[PDB]
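One chain is shown next in structure tokens, namely the form deposited in one PDB entry.
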């Protein structure tokens, strides 16, 4: 009525409203003495706005009132901007391209949330280059359009879609510091030309509250998404490091555990073949035309894209997991062709509205039952550190019905990136198995060449000639009867004497004597050793030694024989039981068990695999290792009738005995044995000393460790005729290693290992006697007077070498 009057006279309107108002109000207005707040109704607006705004502040405090609060704000934002409609477009990024999807649509002052909330399937999506929304979201600044027609970016998609036509548009981007959350637009109903500058200011100041609620909502969503990603990486890493397994088991474990955090209805993992070339017989048919060359898709590496396994996860209504060994081309995950396309390109694919996609074939309608249709898909390639795609992981409908956004893309990409990197744990697992298999084959190949077969065992047993049966078919009494008729007596080859010489015996005779030594100890009957195993083991040990100058089977028997004569003739058996004497003789036999003819120093210099495998005391750990390996075989296990306690004790002693043959350990523990000898002298008789030493374990080990050192160097104690010959074999082996160092390593060898200094052999032998041999035999002779013959002969040998050394000094 009179509205046009007060429009044409702004001065009168300001003057009338500047008048104070009587206390009489119109409707409540929370009239706590506010009729004249510097304007007729400014205070009434002040109180009403404050009460309404404060109620909004209360609403944001609870939880998920985001949409409710924004809708109330837009309801109040209208009718103060006089906009016809107000809408909210949320910002999201997929495939690296930003989009603005509608969440709230036209909001009249009398609307309700149900009439304005936009379900995700009913939303309108805009990119950044279409419409004013893309203009607002790209420049991150306000846009005020006074006329839609003159706008250069306006899009009429929504105008024709609904029915409405737009004239004035006012939009802002709601800013979370650096990122964009949403865009709010107000449209038309200006009743004038356009939005004024006063509407420009009110829009920003009033919407700061909307930024607050949207910032809280955006932060809450970002915090939740990051929390899930952290747990995904933690749980995935937990299952990867549980054990070394193949790619199938490892991927199945990681994907199954993170099924809760992934938040997807279904997802399938397909594994690609890793073969690069084919064998010759697979290439021939295509070369002669019997078959056609491959014409399908190829990986960027050049492999034929073949899914050799597909792991299917179903979480829609019932947790069902399937593993398909040969997935056919009609498989639901593979029928779309997206996993094949991903393998072709290696690109991260995000699809919204799958049934409306024409690039791929998504079956419009329900899969399985319960009307499950594909709506949103996300697929990423699983790539190892070699930039090769090992699989494709496809993720299906989100559980809340929303399209896959940037946060989801980062979540699964991190999971696939982590699982792609952890293929190294599967490559190592395969190469683990091959190395283990190759080692086991080589062990069997060694075992055949060292074990005594059926034909060679008939040199000591002859069961065929005497009974006609194989040794495995003969009883123990029959085997014992034949061995008695074959094995030499104790009085034939001087096995009980310190002056035993092997130069008058053949290799077979040494083996027969070696079995005889076991019979004299009484360990065969006591521990129930099968005779066939004992004969096979001794013959196998003979084969184990190389055919080298000095450290050959004859040296191995000579050490064992001296150990046997130390126990029985030297009366050191008083401190040990039959089980301990069992281990010592066996450890003597196997102490140089494919000794290669070079010392530990050469192994370090030449970087032999022995030096790498064993840190220190190499070639004694190796001799211990191979000797144990031979005993582990069923047909060579002489300890196979010993219980767990006895077997462990014997194995423990063999470790001590064989390793103590190293001269470095003998030098370090030399004084420890001397104290033991001195403690013996403090006793009054051998009976009391025996009872004290036979119970101490550490003292017995040190004495027994020293027994090996005396046995190993026992060739020195031999009579001069034997010693002179043996010393030449030892020198020849040293000179052979001296030549090897000169040629292979281009190093000057020590005078001990120099062919040109062969005339210094007598002098060095005396130095060896005065430095190593003298201590052991002097104390053992002091310890037991029965070993005194060894010391007497050692001194005699030193006299002979000294005579030669002085003779060389003469010239």
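Numbering follows the first chain given and starts at 1. Only the largest set of C-alpha atoms that superpose within 1.5 Å between the two forms is called the rigid core.
Quick note: we don't show the form deposited in another entry, though the next part is all about it.
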property	result
Did residue 781 shift 2 Å or more between the shown form and the other one, C-alpha, core superposed	no
Core-aligned CA displacement of residue 749 at least 2 Å between the shown form and the other one	no
C-alpha of residue 20 moved at least 2 Å between the shown form and the other one on rigid core	yes
Cα-Cα shift for residue 53 and residue 17, closer or farther in the other entry, minimum 3 Å	farther
